[PDB]
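Listed next as structure tokens is one chain, alone, in the form deposited in one PDB entry.
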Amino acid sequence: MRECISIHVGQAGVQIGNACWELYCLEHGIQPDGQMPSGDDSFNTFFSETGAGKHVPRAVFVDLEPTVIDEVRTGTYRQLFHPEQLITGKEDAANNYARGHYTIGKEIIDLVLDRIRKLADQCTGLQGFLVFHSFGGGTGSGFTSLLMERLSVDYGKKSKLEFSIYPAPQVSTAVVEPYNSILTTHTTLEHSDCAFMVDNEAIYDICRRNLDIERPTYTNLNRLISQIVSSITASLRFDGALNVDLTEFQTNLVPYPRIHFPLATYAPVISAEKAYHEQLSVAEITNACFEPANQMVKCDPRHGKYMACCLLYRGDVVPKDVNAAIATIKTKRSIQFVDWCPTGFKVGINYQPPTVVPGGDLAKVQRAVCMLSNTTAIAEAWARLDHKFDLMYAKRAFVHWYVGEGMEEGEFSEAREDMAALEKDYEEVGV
């Protein structure tokens, strides 16, 4: 079987996993204890099965501090995960990459790997890893890169896809988050196969505009992220003739080294509070994928060039409707492809429509789409982060915190230089 192991690093990663696994359970008819009473066995790629019929997530949760995973251990999903899958330290990385990578990270790396080995040993054909984390946290940034490096050694010839939280300029968020972001991107670059960025400002804007939550919480955003994650993992968890499995998906979306940062766009995002909602057609949900308001990362794709574009539909969607919707977009939109590329659109269809989370903010829809675009427009998100890094780095502010935690200052310069090269790559592919 084509099994996947999920790794949830730090607060963002762990809390996104709670939302993901709550959704996967509901989507496959699994109770929070792992019991399943209600005909497809494809979900077995994500859940191991006990002899009694308890389905356990093929997931690991790592944090350098206990508070966040302690809520998983005492929460509604306490019986769902095995206690060995939930790993916690004592002292966190204090929003310092060098603590998560060197100093504190080195004290937890070998246990995490052995716990992943116990999961891998229960796989008939481990296909890949899905890694969840923030750019801005010291664990999210530092520990993820250390682990990505070690997974390349232990597995190497196995896919490693990321779901990353791109930092928003919010008053709670650390000052050094632009540093942590550039440092983790540098060290994970040659170790990841794909990275799906989720800009918190974008999700916050969607929650405010579409769900009308003036002050969205992490639960509001994570429930929305987990919908996008579900769309990307749906063909791995469901049978269907119209699926696009992992190697057709990755080979076509992210065919090149380095430039593997697709822009994700999701539609529809409807409020549960709406007294009436006209069901949206394939045309409408596809059209919304070309609207910058529905983007996971804030950038202008109309001003960039595409290398690949994948449409992952779910629900009541017919192949001909998708072709008709694509045709309208070709005549109406500015969908310029790079002049050395296939110019196509990879299309996937899953039969199960989105699942509604009880108490959630999203309304029940018949169809949904997550478009993934390998666009040069993602470099706009890189430039914003790189500018924020540059302002501080010029005066070498906060850098002593890092060098005091097993890091050399040159690692920062080396990191920024690799970002410069990444930004030039997107520019060169655009010409």
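So that there is no doubt, residue numbering starts at 1 and follows the sequence shown. Only the largest set of C-alpha atoms that superpose within 1.5 Å between the two forms is called the rigid core.
The same protein has a further form, the form deposited in another entry, not shown here; the description that follows concerns it.
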2 Å-or-more CA mover between this form and the one not shown, where superposition uses the core and the choices are 209, 73, 298, 333 | 333
Yes/no, residue 315 Cα shift of 2 Å or more between this form and the one not shown with rigid core fixed | no
With the core lined up, does the C-alpha of residue 251 move 2 Å or more between this form and the one not shown?
-> no
Report the direction of the Cα distance change between residue 170 and residue 208 in that other deposited form, compared with the displayed form, as closer or farther; the change is 3 Å or more.
-> closer
Would one find the Cα atoms of residue 333 and residue 208 closer or farther in that other deposited form than in this form, where their distance changes by 3 Å or more?
-> farther
